[PDB]
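**Q** One structure coming up, written as structure tokens, with questions to follow.
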Ligand code: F3S
Ligand code: NA
Ligand code: NA
């Protein structure tokens, strides 16, 4: 019948990711490779491999970093402890933590100083969650599921504040929050919430269109949580979905009998990888008719690069 490819917007790079990439690229222009980055700068192998070629090196052990040298913190943020270590080595700290991850770090410190205990909804082994946790480790409690909620116990007078990983499924998050609120009715949180505009926007747009479709293709890396949550958002809405890093990974057999495809991409996914899908699917032998699907207009934040890094740039151009 009628074959259609719904190319969805918004999709692809968020501002935290573009800022983080530009931060690394701009360091490489100024200072001589190698440029050391703590953890993968964003969770996309294609982006990271390109930077490795250009002279970046992603490390987990700060001893792999020469004293006095540049170290960049990834978009996902970092534990405070890592920082004090950096200063001991007199490193040039260049912090590309996403402002909306920093937002969570900041509320956590602020509420802990007000003697709240903090509930952190997110996945225990995600670098973002670990980094946020370590801002107030002795008064924070991570929950990744509703079992963890049942286990929480606090005196009745104890003030509680919850916060979340920025890239959760809005559906799962709401589930856990609802259970949290049942148990702790007076629990407080960030008014604007912790789940970022990019996560909300990409899931919201996909959710609106996926139910007209037979298959959802999400372009992105399996190491990316928000990519995985896009796939999940489609599945719990009963439309099969797959996460693919690149067109080469597409098993073209799964397109047999699918006439309508919802196509989107994660916040860490380069637009070129998504275009290769559009090119493959809208041309022979597949001939899906291309249509755009627009969720609400996304307002792209006007974040600048890290200020100390900008100061450097200003100098050198003298
Ligand atoms: S937290 Fe920041 S890095 Fe992107 S996915 Fe959200 S804007
Ligand atoms: Na603490
Ligand atoms: Na705020």
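In order, the residues displayed for chain A correspond to 218-535 in Swiss-Prot numbering, which applies throughout.
The deposited model was determined using X-ray crystallography, 2.2 Å.
Each Cβ is built from the backbone N, Cα and C atoms, and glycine gets one as well.
As annotated by Swiss-Prot, [4Fe-4S] cluster binding site applies to 231, 315, 413, with the evidence given as experimental evidence. The annotation isopentenyl diphosphate binding site is assigned in Swiss-Prot to 260, 293, 343, 441, 442, 443, 485. The (2E)-4-hydroxy-3-methylbut-2-enyl diphosphate binding site feature in Swiss-Prot is assigned to 260, 293, 343, 383, 441, 442, 443, 485. Among the features that Swiss-Prot reports, dimethylallyl diphosphate binding site is placed at 260, 293, 343, 441, 442, 443, 485, with the record citing similarity to another entry. Residues or ranges marked as active site, proton donor in Swiss-Prot: 345.
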**Q** So of 260, 293, 343, which of the binding-site residues has the fewest other Cβ atoms within 10 Å around its own Cβ?
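**A** Result for the binding-site residues 260, 293, 343: minimum number of other Cβ atoms within 10 Å at 343.
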**Q** To the nearest Å, how far is the Cα of residue 231 ([4Fe-4S] cluster binding site) from the Cα of residue 293 (isopentenyl diphosphate binding site)?
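**A** Answer for this pair: 13 Å between alpha carbons.
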**Q** Starting from the dimethylallyl diphosphate site formed by 260, 293, 343, 441, 442, 443, 485, give every other residue of that chain whose CB sits within 8 Å of the mean position of their CB atoms, in sequence order.
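**A** Going along the sequence, the neighbours come out as 259, 345, 384, 440, 444, 483, 484.
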**Q** With the Cβ under 6 Å from ligand 1 as the test, give me the qualifying entries from the recorded positions 293, 343, 345, 441, 442, 485.
**A** none
**Q** Quick one: pull the CA-CA distance for residue 443 (isopentenyl diphosphate binding site) versus residue 383 ((2E)-4-hydroxy-3-methylbut-2-enyl diphosphate binding site), whole Å only.
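**A** If we compare the Cα positions of residue 443 (isopentenyl diphosphate binding site) and residue 383 ((2E)-4-hydroxy-3-methylbut-2-enyl diphosphate binding site), the gap is 9 Å.
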**Q** Could you measure the widest C-alpha to C-alpha distance across 260, 293, 343, 441, 442, 443, 485, the residues recorded as binding dimethylallyl diphosphate, and give it to a whole number of angstrom?
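**A** Among the residues the record ties to dimethylallyl diphosphate, max Cα distance equals 15 Å.
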**Q** Highest CB neighbour count within 10 A among the binding-site residues 441, 442, 443, 485?
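**A** Top count of Cβ atoms within 10 Å goes to 485.
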**Q** Counting distance between Cα atoms, which of the binding-site residues 315, 383, 413 is nearest residue 441 (isopentenyl diphosphate binding site)?
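**A** Closest recorded candidate to residue 441 (isopentenyl diphosphate binding site) by Cα: 383.
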